[PDB]
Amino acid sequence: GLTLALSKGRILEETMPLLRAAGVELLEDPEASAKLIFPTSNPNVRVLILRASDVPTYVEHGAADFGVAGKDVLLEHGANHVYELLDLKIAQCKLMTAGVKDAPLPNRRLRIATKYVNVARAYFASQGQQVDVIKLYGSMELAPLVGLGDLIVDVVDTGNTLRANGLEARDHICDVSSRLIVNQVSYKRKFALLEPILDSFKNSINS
């Protein structure tokens, strides 16, 4: 059958309506289980629950035939060995730069504190800046408060996180939504299983 890689929180929550419309429901709540492999109402489809970071890794190697990944994670991971088939328009946010509100930029090479080191470098390169990048894994909004780095790059949605910590978004880098990715082989070998799920999602997202 098909293995679908998802992640907890917004992607699991916001994907389920798309799955339900396509004839696929989980038989329990993965948020409440230690389990990581879940059957569905469709015995041709099961689900993996992974860290957001690992969804492309699983789909690339074909541990999963397909997954739902944030565009931020694909941009950072590189998506050269998976096919991006659909923009699902869920878990919508922005990649942004940010700093202490009204904090002047220092006139030296910039230090960007981010999980998204490759996106930070590419974005600053497009703005004419070779920056240094301090790699972190969470709570990017702490970095500028303690003077770790001049700016951060992170996902902004409401901007509540930035505002609460006295930060403000400086640049918008790009819009981020979750994307349906397929294993390059799975697409060739199990398309008959993928296709009616792809067509259902495509129709669902139009609404």
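All residue numbers refer to positions in the sequence shown, first residue = 1.
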>> Per the record, averaged over C-alpha atoms, which has the higher B-factor: 122 to 130 or 106 to 114?
In response: 106 to 114
> With respect to the recorded C-alpha B factors, which stretch has the higher mean value, 76 to 84 or 97 to 105?
Replying inline: 97 to 105
> Of the choices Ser53, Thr158, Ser178, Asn44, which one's C-alpha carries the largest B-factor in the record?
Replying inline: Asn44
>> Highest Cα temperature factor in the entry, among the options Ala64, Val68, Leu36, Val153: which one is it?
In response: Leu36
> By the record's CA B-factor, is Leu2 among the lowest, middle or highest third of residues in the chain?
Replying inline: middle
>> Please say which third, lowest, middle or highest, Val59 falls into when its CA temperature factor is compared across its chain.
In response: lowest
> Lowest, middle or highest third: where is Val185 by C-alpha B factor in its chain?
Replying inline: middle
> Is the Cα B-factor recorded for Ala164 in the lowest, middle or highest third of its chain?
Replying inline: highest
>> By the recorded C-alpha temperature factor, relative to the other modelled residues in its chain, which third is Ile11 in?
In response: highest
